[PDB]
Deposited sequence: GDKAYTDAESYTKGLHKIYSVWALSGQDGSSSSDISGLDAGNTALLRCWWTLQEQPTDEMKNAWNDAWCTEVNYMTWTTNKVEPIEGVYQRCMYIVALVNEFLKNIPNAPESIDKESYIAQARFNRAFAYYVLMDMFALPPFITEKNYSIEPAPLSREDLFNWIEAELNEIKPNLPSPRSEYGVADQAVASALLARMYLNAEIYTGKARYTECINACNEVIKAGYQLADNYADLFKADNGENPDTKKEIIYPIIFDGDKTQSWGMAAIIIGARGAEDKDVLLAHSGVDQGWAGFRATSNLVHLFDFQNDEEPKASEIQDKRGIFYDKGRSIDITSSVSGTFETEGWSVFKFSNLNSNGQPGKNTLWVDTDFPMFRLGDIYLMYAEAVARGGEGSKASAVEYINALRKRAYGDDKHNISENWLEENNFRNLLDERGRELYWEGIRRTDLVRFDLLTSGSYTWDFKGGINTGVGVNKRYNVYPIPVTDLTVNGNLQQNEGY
């Protein structure tokens, strides 16, 4: 698209690569987030589009589904850009730090392949070294192995942790490895819980801290507030001075008066799409658990708007945004001082792709499942999260809690801590509860009370779009 020539062009080329996550151009962050939340127990979408039902229910086929196309095209676009960048970078002028730029381009490509591996399993494998009109996929395990070797090799050449908010630093590479290793039994058939713990410790030792205020993690000024910057390892950056994060926020608001929307959210518009299931609400403690009300919640992590809404989605998932399912206002374009962000549409709120709260929970789960690490520390990390949640010391857990009921307390706690941060689908797959009939939620499988679905649905199908033009590429099993 833009040829490489002077120093500026190489710096702008790297920035274009990083920018694909935030870019509309639909948007990678939105598509990815949708695909990680909408088929789960965390979110159901009230839009009437045929794709929404399919994704809501997990009844999709190989018929084209717009967010599936989005995630796939945009990830492979990142890979394309990085490959062209790496091909040009040896000709860079002397003023460019080639070693740093190569390490960072490679991080972006590794992350794009991570998302593809987790979501599609078997993408085409195309690097700057194996150019082909019709590239073949690796096995999922081989792709994992390649991504891991990319991240291990580049890590000592990446910037030091926190040296620039938004840049893929050494700790960002370790956070991605932690997330890969936690899930390695899914991707590779072999568990890597010790390696998960090792990557978590690399992050923990870099001096990150939990934000004092949980809610501010997801407000307009999360990227500028020092309290929340202590915790955010890797953000997808947004600023009012692209519709990706705007769509996630606005999508979760209803058709209310502009002023009431601005009052409570810092936005003009509410598209009446994304909202909660009963399962998400019931994960949190309330003053009266038999009759939950958003204003009586005890675990303050749950940030809900309940006016006029039932807890359950019962009659229909579409057309019922205003009446069935609580709204989720976790991501907000009000700043931490209550003021609106500087634009009513183009939000300031950053997406926290990796943050220390997740690292804590990963460390605890990896130790629970038998990795080499400390149960005492695991308990300390979960209790830090729960003290923040409840504002007191009366909701601590103990070591037995980590292992009991087949690690389900950890799945529940990742729900309470990390809901709507784009990780729920991966976590459900790890517990093999995404597709199973043993754990159901509102409209799972297309039945209101919920049913299991076939195990093919643990991954999305590769676009027929790409299968038509690439003869070496194969569809995922079962589709």
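Deposited-sequence stretches lacking C-alpha coordinates, listed in sequence order: Several stretches lack coordinates - namely 1, 27-42, 259-261, in sequence order.
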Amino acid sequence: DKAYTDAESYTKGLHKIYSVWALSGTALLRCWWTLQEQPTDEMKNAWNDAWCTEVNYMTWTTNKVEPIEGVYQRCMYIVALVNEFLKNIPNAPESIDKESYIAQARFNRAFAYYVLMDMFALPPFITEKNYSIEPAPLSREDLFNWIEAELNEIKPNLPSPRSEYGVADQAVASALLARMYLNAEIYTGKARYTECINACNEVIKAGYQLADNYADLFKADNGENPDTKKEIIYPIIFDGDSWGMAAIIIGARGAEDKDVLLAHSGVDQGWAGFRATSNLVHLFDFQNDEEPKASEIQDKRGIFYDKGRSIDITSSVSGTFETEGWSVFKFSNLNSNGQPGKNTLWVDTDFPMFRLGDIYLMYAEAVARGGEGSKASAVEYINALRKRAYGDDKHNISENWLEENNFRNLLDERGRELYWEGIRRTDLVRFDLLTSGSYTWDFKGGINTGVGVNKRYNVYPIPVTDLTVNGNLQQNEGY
From here on, numbers count along this sequence of modelled residues.
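190-198 or 243-251, whichever carries the higher mean Cα B-factor: The deposited B-factors put 243-251 ahead on the C-alpha mean.
Stretch with the greater mean C-alpha B-factor as recorded in the entry, comparing 292-300 against 342-350: Mean B over CA atoms: larger for 342-350.
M43, C-alpha B-factor rank within chain (lowest, middle or highest third): For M43, the deposited C-alpha B-factor lands in the lowest third.
Within-chain third of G370 by Cα B-factor, per the entry: Bottom third by C-alpha B-factor.
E322 - Cα temperature factor, lowest/middle/highest third of chain: For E322, whose C-alpha B-factor we compare with every modelled residue in the chain, the answer is the middle third.
Relative C-alpha B-factor of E380, binned into the chain's lowest, middle or highest third: Its C-alpha B-factor, which the entry lists for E380, ranks in the lowest third among residues of this chain.
For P156, the third of its chain into which the C-alpha B factor falls: Highest third.
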